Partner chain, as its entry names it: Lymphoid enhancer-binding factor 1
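Shown here is one chain on its own, the form deposited without its partner chain, set out as structure tokens.
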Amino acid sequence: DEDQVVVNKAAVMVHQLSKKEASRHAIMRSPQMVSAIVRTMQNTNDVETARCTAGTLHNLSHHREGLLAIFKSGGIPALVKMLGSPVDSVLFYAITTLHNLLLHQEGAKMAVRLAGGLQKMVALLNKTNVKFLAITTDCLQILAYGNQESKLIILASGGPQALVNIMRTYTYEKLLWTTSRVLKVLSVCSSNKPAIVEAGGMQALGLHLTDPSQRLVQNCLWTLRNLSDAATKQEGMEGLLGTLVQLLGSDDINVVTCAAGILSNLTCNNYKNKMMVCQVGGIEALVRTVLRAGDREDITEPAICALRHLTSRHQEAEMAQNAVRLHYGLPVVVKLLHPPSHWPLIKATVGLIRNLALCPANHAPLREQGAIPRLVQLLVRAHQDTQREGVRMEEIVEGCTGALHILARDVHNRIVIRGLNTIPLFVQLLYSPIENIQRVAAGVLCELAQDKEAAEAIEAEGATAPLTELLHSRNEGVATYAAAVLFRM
């Protein structure tokens, strides 16, 4: 084998040779002709030489030694350079060769990044050949995974919008999956996440939640869960929400887990989403989910959180509060206050009960199921733990006190609450440094004080003094409750 200086036609044979595997290892061992093969490719304007050269580099990318040749011959910047070509044949050869290097060649990742490979691959995402896009997106996945720097470059190059458009356009499974994996990798980056959401990533990913490919569905769910928390106010979420509710019935536990977590995130302080989730039967579905989950807290916790969002501050909140009871939900909710539940689940369950108790028809069943003494034990113990990371016991204090504040609207609950000797504790909570604890403490005292016997007990406990002080609280809610107890005393 020799080297041809000017006319292209040297390349139409070395390529035509490059198939004979016996010869390849000659080509593979000449740190002068690989270099020549490369040099020509980057420099010619003979489109056939371009594809003959690139095609040759491809064929060699199939061997451990073949990669090394191209690598230490500085082929990577050349290949990246070739990603700006019009010829679809050379585009395909270059990206495939890069793909093999990215997969098997030690040190290829860094060389591609250095060469401007990220920006060029992102720019190629507006192509229309699905096989080409599948390769290109997989390269991006390999480069971005566990490399925050690459993630930020993909974002700056317009990565998010381009990938989302792909998810909205194509049906080719391998491409949808490979693209979804890039999105998943980007979805944990604090900068990429809002951009993906901004590009309509959540609605786009939602399109594929009924696809028969489980790896595609699962990747879309993982990405959605990362994106969903603290998204902006998106519209066009109707379909996504309805599908998530359906997925709760799935036999796959990871589908059920993700669907619950996304619903929890999407309903948090979004009354439109709460309405829509309730309207497609979200309450019944979440209750059933909690029942089936048993003690798997990675399911119950977000499902309960979702239920808590769905039972407050939207048009059909009252209906949701009844609906939890009507679908046999009350006993299991109370049960989740007990071991083996961990703190995050207990905190969420207390908040749900607080909401359920806003519905008078839940007052008796919550009492009968034993919610009150368990809430009181949780409160007593949590207060002591404060008086001496994860979940803070102050949040359990405030939560339990708040649930009891609402339950105390019922005359029989007030009797049970008082009978558990809670008044001294409630009065002591008036001295809390936390305004929100002062408020619910003063609030529950206010409910109890409507019964003369309790009012005297509250007075006897020395409540006049801290209450009188709370009259001057910069927190108006605290001051207003404090005045009402003082009155009734």
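Positions refer to the first chain, counted from 1.
Student: Would you mind comparing 70-78 and 189-197 for me and telling me which has the higher average C-alpha temperature factor in the entry?
Tutor: Stretch with the greater average CA B-factor: 70-78.
Student: Between 427-435 and 38-46, which has the higher average C-alpha B-factor in the PDB entry?
Tutor: The recorded data point to 38-46.
Student: Just to confirm, going by the entry's C-alpha B-factors, which of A441, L420, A457, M33 comes out highest?
Tutor: Highest CA B-factor of the listed options: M33.
Student: Of the options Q246, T386, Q321, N270, which has the highest CA B factor as deposited?
Tutor: Comparing C-alpha B-factors across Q246, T386, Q321, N270, the top value belongs to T386.
Student: According to the PDB entry, is the CA B factor of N265 in the bottom, middle or top third of its chain, that is, lowest, middle or highest?
Tutor: Ranked within chain, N265 CA B lands in the lowest tercile.
Student: Ranked by Cα temperature factor within the chain, is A26 in the lowest third, the middle third or the highest third?
Tutor: It falls in the top third of the chain.
Student: In terms of the chain's CA B-factor thirds, is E106 lowest, middle or highest?
Tutor: Highest third, going by the recorded CA B-factors of the chain.
Student: Could you look up the Cα B-factor of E398 in the entry and say which third of the chain it sits in: lowest, middle or highest?
Tutor: Answer is lowest: the recorded C-alpha B-factor places it there.
Student: When the modelled residues of the chain are sorted by Cα temperature factor, does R392 land in the lowest, middle or highest third?
Tutor: It belongs to the highest third of the chain when residues are ordered by C-alpha B-factor.
Just so it is clear, the following notes concern the form solved in complex with its partner chain, a form of the same protein that is not shown.
Student: Should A364 be classed as touching its partner chain in the deposited bound form when contacts are defined as heavy atoms within 4.5 Å?
Tutor: No - in the deposited bound form, heavy atoms of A364 and its partner chain never come within 4.5 Å of each other.
Student: Do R374 and its partner chain come within 4.5 Å of each other in the deposited bound form, heavy atoms counted?
Tutor: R374: no contact with its partner chain in the deposited bound form.
Student: Going by a heavy atom distance of 4.5 Å, is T96 a contact of its partner chain in the deposited bound form?
Tutor: Flag for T96 set to yes.
Student: Whether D385 contacts its partner chain in the deposited bound form should be assessed with a 4.5 Å heavy atom distance threshold; does it?
Tutor: Looking in the deposited bound form, residue contacts with its partner chain do not include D385, since no heavy atom lies within 4.5 Å.
Student: Under the 4.5 Å heavy atom criterion, name the residues of 129-143 that approach its partner chain in the deposited bound form, in sequence order.
Tutor: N129, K131, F132, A134, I135, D138, in sequence order.
Student: Would you point out which of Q148, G239, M275, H104 is found at the hinge linking the two rigid parts that shift between this form and the one not shown?
Tutor: For the motion between this form and the one not shown, the hinge residue: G239.
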